[PDB]
$ cat structure.cif   # mmCIF, C-alpha atoms and all ligand atoms
data_structure
loop_
_atom_site.label_atom_id
_atom_site.label_comp_id
_atom_site.auth_asym_id
_atom_site.auth_seq_id
_atom_site.Cartn_x
_atom_site.Cartn_y
_atom_site.Cartn_z
CA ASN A 4 -26.76 10.19 20.87
CA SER A 5 -26.26 6.63 22.40
CA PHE A 6 -23.17 5.69 20.31
CA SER A 7 -21.69 2.20 20.98
CA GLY A 8 -18.63 0.22 19.96
CA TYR A 9 -16.55 3.25 18.90
CA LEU A 10 -12.74 3.42 19.23
CA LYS A 11 -11.46 6.80 20.54
CA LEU A 12 -8.71 8.10 18.15
CA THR A 13 -8.31 11.62 19.66
CA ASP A 14 -10.13 13.65 22.40
CA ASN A 15 -12.85 14.58 19.91
CA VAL A 16 -12.74 11.86 17.13
CA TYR A 17 -14.32 8.35 17.48
CA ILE A 18 -14.32 5.61 14.76
CA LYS A 19 -16.42 2.44 14.08
CA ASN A 20 -16.78 -0.13 11.32
CA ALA A 21 -20.51 0.36 10.60
CA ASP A 22 -23.08 1.41 7.96
CA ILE A 23 -23.88 5.15 8.79
CA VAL A 24 -27.59 4.48 7.85
CA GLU A 25 -27.88 1.72 10.48
CA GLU A 26 -26.08 3.91 13.07
CA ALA A 27 -28.50 6.81 12.38
CA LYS A 28 -31.56 4.51 12.79
CA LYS A 29 -30.27 3.14 16.13
CA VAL A 30 -28.79 6.29 17.75
CA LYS A 31 -31.14 8.91 16.11
CA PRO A 32 -28.40 11.56 16.54
CA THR A 33 -28.90 15.34 16.58
CA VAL A 34 -26.85 15.68 13.34
CA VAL A 35 -26.03 13.14 10.55
CA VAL A 36 -23.50 14.41 7.97
CA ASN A 37 -24.03 13.77 4.25
CA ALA A 38 -21.08 13.66 1.82
CA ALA A 39 -22.97 15.78 -0.82
CA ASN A 40 -22.30 17.50 -4.26
CA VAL A 41 -22.98 21.25 -4.97
CA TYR A 42 -26.51 20.57 -6.43
CA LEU A 43 -27.46 18.09 -3.61
CA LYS A 44 -28.26 15.29 -6.17
CA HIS A 45 -27.89 12.22 -4.00
CA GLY A 46 -27.27 9.53 -6.63
CA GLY A 47 -24.70 7.21 -5.08
CA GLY A 48 -22.38 6.42 -2.19
CA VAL A 49 -23.25 7.78 1.30
CA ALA A 50 -25.70 10.31 -0.29
CA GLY A 51 -27.57 7.57 -2.22
CA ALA A 52 -27.85 5.39 0.95
CA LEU A 53 -29.05 8.22 3.25
CA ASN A 54 -31.59 9.39 0.61
CA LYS A 55 -32.81 5.81 0.04
CA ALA A 56 -33.33 5.32 3.82
CA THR A 57 -35.68 8.38 3.80
CA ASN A 58 -37.66 6.92 0.79
CA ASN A 59 -36.59 9.95 -1.33
CA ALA A 60 -37.81 12.61 1.21
CA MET A 61 -34.25 13.97 1.54
CA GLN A 62 -34.06 14.42 -2.30
CA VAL A 63 -37.46 16.19 -2.58
CA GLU A 64 -36.47 18.55 0.26
CA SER A 65 -32.98 19.17 -1.28
CA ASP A 66 -34.49 20.01 -4.72
CA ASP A 67 -36.56 22.73 -2.93
CA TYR A 68 -33.47 24.08 -1.13
CA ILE A 69 -31.63 24.41 -4.50
CA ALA A 70 -34.61 26.05 -6.23
CA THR A 71 -34.74 28.73 -3.50
CA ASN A 72 -31.02 29.23 -2.62
CA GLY A 73 -28.90 28.03 -5.58
CA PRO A 74 -26.07 25.45 -5.39
CA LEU A 75 -23.58 25.13 -2.55
CA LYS A 76 -19.92 26.05 -3.05
CA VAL A 77 -17.17 23.38 -2.78
CA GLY A 78 -16.12 23.44 0.89
CA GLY A 79 -19.60 24.66 1.94
CA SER A 80 -22.64 23.24 3.69
CA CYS A 81 -26.31 23.67 4.55
CA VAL A 82 -28.53 22.25 7.31
CA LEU A 83 -31.69 20.39 6.28
CA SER A 84 -34.15 18.02 8.03
CA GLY A 85 -32.74 14.68 9.13
CA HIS A 86 -36.19 13.09 8.51
CA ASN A 87 -36.26 9.57 10.16
CA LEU A 88 -32.41 9.39 10.39
CA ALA A 89 -31.58 12.38 12.67
CA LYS A 90 -33.02 15.72 13.91
CA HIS A 91 -30.86 17.44 11.21
CA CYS A 92 -28.78 16.58 8.15
CA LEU A 93 -25.64 18.63 7.57
CA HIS A 94 -24.96 18.30 3.84
CA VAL A 95 -21.20 18.90 3.30
CA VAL A 96 -19.41 19.34 -0.02
CA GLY A 97 -15.84 18.02 -0.08
CA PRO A 98 -13.68 18.58 -3.21
CA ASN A 99 -13.84 16.11 -6.11
CA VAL A 100 -10.11 15.82 -6.75
CA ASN A 101 -10.77 13.37 -9.66
CA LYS A 102 -12.39 16.43 -11.44
CA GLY A 103 -9.51 18.86 -10.62
CA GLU A 104 -11.02 20.41 -7.46
CA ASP A 105 -8.42 21.65 -4.92
CA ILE A 106 -7.53 19.30 -2.03
CA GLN A 107 -7.01 22.38 0.25
CA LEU A 108 -10.88 22.69 0.30
CA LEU A 109 -11.11 19.42 2.27
CA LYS A 110 -10.13 21.54 5.36
CA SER A 111 -13.00 24.04 4.56
CA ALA A 112 -15.42 21.06 4.22
CA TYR A 113 -14.46 19.74 7.71
CA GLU A 114 -14.68 23.28 9.28
CA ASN A 115 -18.50 23.00 8.85
CA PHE A 116 -18.59 20.17 11.45
CA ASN A 117 -17.44 22.77 14.10
CA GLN A 118 -20.92 24.42 14.10
CA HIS A 119 -22.46 21.32 15.77
CA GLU A 120 -21.48 19.90 19.18
CA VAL A 121 -21.98 16.16 18.29
CA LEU A 122 -22.09 14.65 14.72
CA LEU A 123 -22.42 11.16 13.13
CA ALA A 124 -20.40 11.39 9.90
CA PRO A 125 -18.70 9.57 7.03
CA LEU A 126 -15.16 10.48 5.77
CA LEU A 127 -15.38 13.34 3.18
CA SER A 128 -14.08 13.19 -0.43
CA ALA A 129 -13.24 9.39 0.02
CA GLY A 130 -15.82 7.81 -2.35
CA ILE A 131 -15.85 8.62 -6.03
CA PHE A 132 -14.39 12.06 -5.05
CA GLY A 133 -10.98 10.22 -5.28
CA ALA A 134 -9.09 11.66 -2.27
CA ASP A 135 -7.02 9.27 -0.17
CA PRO A 136 -9.18 8.18 2.81
CA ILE A 137 -6.22 8.09 5.23
CA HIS A 138 -5.38 11.72 4.16
CA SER A 139 -9.08 12.60 4.62
CA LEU A 140 -8.97 11.24 8.23
CA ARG A 141 -5.76 13.28 8.96
CA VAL A 142 -7.48 16.54 7.85
CA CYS A 143 -10.54 15.59 9.97
CA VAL A 144 -8.46 15.07 13.13
CA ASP A 145 -6.55 18.36 12.54
CA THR A 146 -9.67 20.42 11.75
CA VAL A 147 -12.72 19.25 13.73
CA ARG A 148 -12.75 20.45 17.34
CA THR A 149 -16.31 19.26 18.26
CA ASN A 150 -17.24 15.59 18.93
CA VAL A 151 -17.40 13.48 15.72
CA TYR A 152 -18.38 9.76 15.52
CA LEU A 153 -17.12 8.40 12.17
CA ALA A 154 -18.89 5.36 10.64
CA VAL A 155 -16.78 3.49 8.07
CA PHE A 156 -18.76 0.97 5.98
CA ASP A 157 -15.76 -0.98 4.46
CA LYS A 158 -13.96 -3.27 6.99
CA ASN A 159 -10.75 -3.27 4.83
CA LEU A 160 -10.69 0.54 4.88
CA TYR A 161 -11.61 0.62 8.62
CA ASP A 162 -8.62 -1.64 9.51
CA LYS A 163 -6.23 0.48 7.35
CA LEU A 164 -7.38 3.66 9.12
CA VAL A 165 -7.11 2.22 12.66
CA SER A 166 -3.65 0.81 11.78
CA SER A 167 -2.37 4.14 10.36
CA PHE A 168 -3.75 6.11 13.30
CA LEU A 169 -2.90 3.94 16.35
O1 LIG A 201 -17.14 4.32 4.91
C1 LIG A 201 -16.83 3.96 3.79
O2 LIG A 201 -16.45 2.72 3.49
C2 LIG A 201 -16.87 4.90 2.60
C3 LIG A 201 -15.77 5.98 2.68
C4 LIG A 201 -16.42 7.30 2.21
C5 LIG A 201 -17.82 6.95 1.73
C6 LIG A 201 -18.19 5.70 2.56
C7 LIG A 201 -19.41 4.92 2.11
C8 LIG A 201 -19.60 4.55 0.78
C9 LIG A 201 -20.72 3.86 0.38
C10 LIG A 201 -21.72 3.52 1.32
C11 LIG A 201 -22.90 2.79 1.01
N1 LIG A 201 -23.83 2.48 1.90
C12 LIG A 201 -23.65 2.88 3.17
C13 LIG A 201 -22.56 3.57 3.60
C14 LIG A 201 -21.55 3.90 2.67
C15 LIG A 201 -20.37 4.59 3.04
#

$ encode --input "structure.cif" --output "structure tokens"
Amino acid sequence: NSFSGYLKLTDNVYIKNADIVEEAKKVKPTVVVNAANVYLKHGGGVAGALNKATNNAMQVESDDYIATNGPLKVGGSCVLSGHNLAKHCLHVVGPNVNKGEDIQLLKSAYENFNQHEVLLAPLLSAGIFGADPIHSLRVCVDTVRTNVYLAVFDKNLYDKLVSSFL
């Protein structure tokens, strides 16, 4: 978990302008978080990038999890193999507010991070899930009590977050 170049926002939250896939290949953390959907179909955004970096091994594995256990609930999670990215992948389902899902579930999504001591994660519900990314960071800071290293791909978004926080 040799994280470098992070800015400490709170006692347990760190932030960096970086591609989470590149961070996972360098650090090889214990846990890499995926911003997933209830059926674990990793077709775009963070999910698409993480799956692509495993050459579809994450998708094949996920399809087998769904076949055996059924879909996740919004706000829920499951732990799968991290393959070549991490020891484990914590797939987390944030609400899709652009499809009417309740924003209050963003807290439930972040509560999953608390089961792991150290995590490399993206912001939840901030892609096509349509939630405000600055609001998503506020819920993260208020909810997660374990050590989370957030990797933010977009430099424009990164600078807006760092400015709003500090
Ligand atoms: O950090 C960000 O800018 C956004 C915020 C929530 C989803 C993040 C995202 C989206 C697409 C990505 C594509 N490739 C690699 C990492 C990617 C990360």

$ residues_near_ligand --input "structure.cif" --ligand "ligand LIG 201 (chain A)" --cutoff "6 Å" --atoms "only C-alpha atoms and all ligand atoms" --output "MDAnalysis selection string"
chainID A and resid 22:23 48:49 52 125:126 129:130 155:157

$ atom_distance --input "structure.cif" --atom1 "CA of residue 160 (chain A)" --atom2 "CA of residue 141 (chain A)"
14.3 Å

$ residues_around --input "structure.cif" --residues "residue 111 (chain A)" --least-positions-apart "6" --cutoff "9 Å" --atoms "all atoms listed in the file" --output "PyMOL selection string"
chain A and resi 77-79+97+146

$ atom_distance --input "structure.cif" --atom1 "CA of residue 91 (chain A)" --atom2 "CA of residue 34 (chain A)"
4.9 Å

$ closest_atom_pairs --input "structure.cif" --of "region 50-123 of chain A" --to "region 25-29 of chain A" --cutoff "8 Å" --atoms "only C-alpha atoms" --output "JSON lines"
{"residue": "A:87", "atom": "CA", "partner": "A:28", "partner_atom": "CA", "distance": 7.4}
{"residue": "A:88", "atom": "CA", "partner": "A:27", "partner_atom": "CA", "distance": 5.1}
{"residue": "A:89", "atom": "CA", "partner": "A:27", "partner_atom": "CA", "distance": 6.4}
{"residue": "A:123", "atom": "CA", "partner": "A:27", "partner_atom": "CA", "distance": 7.5}

$ closest_residue --input "structure.cif" --among "A:121, A:63, A:137, A:147" --to "residue 168 (chain A)" --atoms "only C-alpha atoms"
A:137

$ residues_around --input "structure.cif" --residues "residue 68 (chain A)" --least-positions-apart "3" --cutoff "10 Å" --atoms "only C-alpha atoms" --output "PyMOL selection string"
chain A and resi 42-43+62-65+71-74+81-83

$ write_last_selection --input "structure.cif" --atoms "C-alpha atoms" --output "PDB file, in the coordinates of the input"
ATOM      1  CA  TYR A  42     -26.510  20.570  -6.430  1.00  0.00           C
ATOM      2  CA  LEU A  43     -27.460  18.090  -3.610  1.00  0.00           C
ATOM      3  CA  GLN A  62     -34.060  14.420  -2.300  1.00  0.00           C
ATOM      4  CA  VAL A  63     -37.460  16.190  -2.580  1.00  0.00           C
ATOM      5  CA  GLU A  64     -36.470  18.550   0.260  1.00  0.00           C
ATOM      6  CA  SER A  65     -32.980  19.170  -1.280  1.00  0.00           C
ATOM      7  CA  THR A  71     -34.740  28.730  -3.500  1.00  0.00           C
ATOM      8  CA  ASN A  72     -31.020  29.230  -2.620  1.00  0.00           C
ATOM      9  CA  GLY A  73     -28.900  28.030  -5.580  1.00  0.00           C
ATOM     10  CA  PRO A  74     -26.070  25.450  -5.390  1.00  0.00           C
ATOM     11  CA  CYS A  81     -26.310  23.670   4.550  1.00  0.00           C
ATOM     12  CA  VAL A  82     -28.530  22.250   7.310  1.00  0.00           C
ATOM     13  CA  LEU A  83     -31.690  20.390   6.280  1.00  0.00           C
TER      14      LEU A  83
END

$ residues_around --input "structure.cif" --residues "residue 6 (chain A)" --least-positions-apart "2" --cutoff "12 Å" --atoms "only C-alpha atoms" --output "ChimeraX atom specification"
/A:4,8-11,17-19,21,23,25-33,121-123,150-154

$ write_last_selection --input "structure.cif" --atoms "C-alpha atoms" --output "PDB file, keeping the file's coordinate frame"
ATOM      1  CA  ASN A   4     -26.760  10.190  20.870  1.00  0.00           C
ATOM      2  CA  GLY A   8     -18.630   0.220  19.960  1.00  0.00           C
ATOM      3  CA  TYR A   9     -16.550   3.250  18.900  1.00  0.00           C
ATOM      4  CA  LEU A  10     -12.740   3.420  19.230  1.00  0.00           C
ATOM      5  CA  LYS A  11     -11.460   6.800  20.540  1.00  0.00           C
ATOM      6  CA  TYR A  17     -14.320   8.350  17.480  1.00  0.00           C
ATOM      7  CA  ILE A  18     -14.320   5.610  14.760  1.00  0.00           C
ATOM      8  CA  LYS A  19     -16.420   2.440  14.080  1.00  0.00           C
ATOM      9  CA  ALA A  21     -20.510   0.360  10.600  1.00  0.00           C
ATOM     10  CA  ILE A  23     -23.880   5.150   8.790  1.00  0.00           C
ATOM     11  CA  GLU A  25     -27.880   1.720  10.480  1.00  0.00           C
ATOM     12  CA  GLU A  26     -26.080   3.910  13.070  1.00  0.00           C
ATOM     13  CA  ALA A  27     -28.500   6.810  12.380  1.00  0.00           C
ATOM     14  CA  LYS A  28     -31.560   4.510  12.790  1.00  0.00           C
ATOM     15  CA  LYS A  29     -30.270   3.140  16.130  1.00  0.00           C
ATOM     16  CA  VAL A  30     -28.790   6.290  17.750  1.00  0.00           C
ATOM     17  CA  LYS A  31     -31.140   8.910  16.110  1.00  0.00           C
ATOM     18  CA  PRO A  32     -28.400  11.560  16.540  1.00  0.00           C
ATOM     19  CA  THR A  33     -28.900  15.340  16.580  1.00  0.00           C
ATOM     20  CA  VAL A 121     -21.980  16.160  18.290  1.00  0.00           C
ATOM     21  CA  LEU A 122     -22.090  14.650  14.720  1.00  0.00           C
ATOM     22  CA  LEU A 123     -22.420  11.160  13.130  1.00  0.00           C
ATOM     23  CA  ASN A 150     -17.240  15.590  18.930  1.00  0.00           C
ATOM     24  CA  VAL A 151     -17.400  13.480  15.720  1.00  0.00           C
ATOM     25  CA  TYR A 152     -18.380   9.760  15.520  1.00  0.00           C
ATOM     26  CA  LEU A 153     -17.120   8.400  12.170  1.00  0.00           C
ATOM     27  CA  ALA A 154     -18.890   5.360  10.640  1.00  0.00           C
TER      28      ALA A 154
END

$ atom_distance --input "structure.cif" --atom1 "CA of residue 131 (chain A)" --atom2 "CA of residue 117 (chain A)"
24.7 Å

$ residues_near_point --input "structure.cif" --point "(-17.9, 17.7, -1.2)" --cutoff "10 Å" --atoms "only C-alpha atoms" --output "compact mmCIF listing (two decimals) with C-alpha atoms, in the frame of the given file"
# COMPACT_ATOMS: atom_id res chain seq x y z
CA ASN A 37 -24.03 13.77 4.25
CA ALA A 38 -21.08 13.66 1.82
CA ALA A 39 -22.97 15.78 -0.82
CA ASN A 40 -22.30 17.50 -4.26
CA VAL A 41 -22.98 21.25 -4.97
CA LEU A 43 -27.46 18.09 -3.61
CA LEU A 75 -23.58 25.13 -2.55
CA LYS A 76 -19.92 26.05 -3.05
CA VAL A 77 -17.17 23.38 -2.78
CA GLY A 78 -16.12 23.44 0.89
CA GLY A 79 -19.60 24.66 1.94
CA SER A 80 -22.64 23.24 3.69
CA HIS A 94 -24.96 18.30 3.84
CA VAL A 95 -21.20 18.90 3.30
CA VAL A 96 -19.41 19.34 -0.02
CA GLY A 97 -15.84 18.02 -0.08
CA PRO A 98 -13.68 18.58 -3.21
CA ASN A 99 -13.84 16.11 -6.11
CA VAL A 100 -10.11 15.82 -6.75
CA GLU A 104 -11.02 20.41 -7.46
CA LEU A 108 -10.88 22.69 0.30
CA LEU A 109 -11.11 19.42 2.27
CA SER A 111 -13.00 24.04 4.56
CA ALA A 112 -15.42 21.06 4.22
CA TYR A 113 -14.46 19.74 7.71
CA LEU A 127 -15.38 13.34 3.18
CA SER A 128 -14.08 13.19 -0.43
CA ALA A 129 -13.24 9.39 0.02
CA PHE A 132 -14.39 12.06 -5.05

$ closest_residue --input "structure.cif" --among "A:118, A:159, A:102, A:145" --to "residue 133 (chain A)" --atoms "only C-alpha atoms"
A:102

$ closest_residue --input "structure.cif" --among "A:139, A:57, A:84, A:13" --to "residue 106 (chain A)" --atoms "only C-alpha atoms"
A:139

$ closest_residue --input "structure.cif" --among "A:90, A:44, A:119, A:55" --to "residue 148 (chain A)" --atoms "all atoms listed in the file"
A:119

$ decode --input "structure.cif" --residues "region 98-117 of chain A" --atoms "N, CA, C and O atoms" --output "mmCIF file, in the first residue's frame"
data_model
loop_
_atom_site.group_PDB
_atom_site.id
_atom_site.type_symbol
_atom_site.label_atom_id
_atom_site.label_comp_id
_atom_site.auth_asym_id
_atom_site.auth_seq_id
_atom_site.Cartn_x
_atom_site.Cartn_y
_atom_site.Cartn_z
ATOM 1 N N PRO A 98 -26.205 5.031 -5.482
ATOM 2 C CA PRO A 98 -27.489 5.247 -6.193
ATOM 3 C C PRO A 98 -27.319 5.970 -7.529
ATOM 4 O O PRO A 98 -26.428 6.820 -7.681
ATOM 5 N N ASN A 99 -28.185 5.639 -8.496
ATOM 6 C CA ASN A 99 -28.190 6.311 -9.785
ATOM 7 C C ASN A 99 -29.311 7.313 -9.649
ATOM 8 O O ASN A 99 -30.478 6.979 -9.899
ATOM 9 N N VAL A 100 -28.973 8.533 -9.237
ATOM 10 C CA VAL A 100 -29.990 9.563 -9.022
ATOM 11 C C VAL A 100 -30.639 10.018 -10.331
ATOM 12 O O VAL A 100 -31.781 10.475 -10.288
ATOM 13 N N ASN A 101 -29.950 9.863 -11.484
ATOM 14 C CA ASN A 101 -30.508 10.204 -12.795
ATOM 15 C C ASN A 101 -31.628 9.217 -13.236
ATOM 16 O O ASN A 101 -32.280 9.452 -14.264
ATOM 17 N N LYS A 102 -31.803 8.093 -12.491
ATOM 18 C CA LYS A 102 -32.846 7.092 -12.671
ATOM 19 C C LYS A 102 -33.810 7.045 -11.444
ATOM 20 O O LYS A 102 -34.495 6.043 -11.230
ATOM 21 N N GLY A 103 -33.859 8.120 -10.662
ATOM 22 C CA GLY A 103 -34.738 8.231 -9.504
ATOM 23 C C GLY A 103 -34.325 7.539 -8.216
ATOM 24 O O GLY A 103 -35.106 7.537 -7.260
ATOM 25 N N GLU A 104 -33.125 6.934 -8.161
ATOM 26 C CA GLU A 104 -32.677 6.274 -6.935
ATOM 27 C C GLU A 104 -32.339 7.305 -5.853
ATOM 28 O O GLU A 104 -31.845 8.393 -6.166
ATOM 29 N N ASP A 105 -32.696 6.991 -4.590
ATOM 30 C CA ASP A 105 -32.535 7.901 -3.456
ATOM 31 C C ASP A 105 -31.089 8.269 -3.107
ATOM 32 O O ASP A 105 -30.252 7.388 -2.903
ATOM 33 N N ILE A 106 -30.810 9.584 -2.993
ATOM 34 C CA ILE A 106 -29.474 10.068 -2.654
ATOM 35 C C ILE A 106 -29.039 9.632 -1.239
ATOM 36 O O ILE A 106 -27.845 9.487 -0.983
ATOM 37 N N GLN A 107 -29.999 9.388 -0.330
ATOM 38 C CA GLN A 107 -29.709 8.941 1.038
ATOM 39 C C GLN A 107 -28.901 7.632 1.053
ATOM 40 O O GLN A 107 -28.104 7.429 1.969
ATOM 41 N N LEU A 108 -29.045 6.791 0.002
ATOM 42 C CA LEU A 108 -28.307 5.538 -0.169
ATOM 43 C C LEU A 108 -26.826 5.720 -0.445
ATOM 44 O O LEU A 108 -26.075 4.752 -0.342
ATOM 45 N N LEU A 109 -26.385 6.942 -0.791
ATOM 46 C CA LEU A 109 -24.964 7.212 -0.990
ATOM 47 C C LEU A 109 -24.209 6.979 0.349
ATOM 48 O O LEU A 109 -23.093 6.465 0.344
ATOM 49 N N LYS A 110 -24.840 7.314 1.496
ATOM 50 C CA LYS A 110 -24.265 7.028 2.820
ATOM 51 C C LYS A 110 -24.077 5.487 3.019
ATOM 52 O O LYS A 110 -22.990 5.035 3.388
ATOM 53 N N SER A 111 -25.124 4.687 2.697
ATOM 54 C CA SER A 111 -25.084 3.227 2.794
ATOM 55 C C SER A 111 -23.956 2.678 1.913
ATOM 56 O O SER A 111 -23.252 1.749 2.335
ATOM 57 N N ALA A 112 -23.784 3.252 0.686
ATOM 58 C CA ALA A 112 -22.718 2.803 -0.219
ATOM 59 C C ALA A 112 -21.329 3.020 0.446
ATOM 60 O O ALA A 112 -20.516 2.085 0.517
ATOM 61 N N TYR A 113 -21.104 4.198 1.010
ATOM 62 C CA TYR A 113 -19.822 4.493 1.674
ATOM 63 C C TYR A 113 -19.593 3.678 2.964
ATOM 64 O O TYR A 113 -18.442 3.373 3.269
ATOM 65 N N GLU A 114 -20.660 3.278 3.672
ATOM 66 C CA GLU A 114 -20.531 2.464 4.900
ATOM 67 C C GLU A 114 -19.813 1.116 4.649
ATOM 68 O O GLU A 114 -19.230 0.541 5.573
ATOM 69 N N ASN A 115 -19.837 0.636 3.398
ATOM 70 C CA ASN A 115 -19.166 -0.603 3.013
ATOM 71 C C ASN A 115 -17.663 -0.472 3.131
ATOM 72 O O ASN A 115 -17.011 -1.472 3.392
ATOM 73 N N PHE A 116 -17.109 0.733 2.878
ATOM 74 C CA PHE A 116 -15.670 0.978 2.950
ATOM 75 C C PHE A 116 -15.138 0.643 4.366
ATOM 76 O O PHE A 116 -14.000 0.194 4.497
ATOM 77 N N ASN A 117 -15.958 0.885 5.413
ATOM 78 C CA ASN A 117 -15.617 0.655 6.827
ATOM 79 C C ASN A 117 -15.257 -0.778 7.199
ATOM 80 O O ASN A 117 -14.707 -0.985 8.288
#
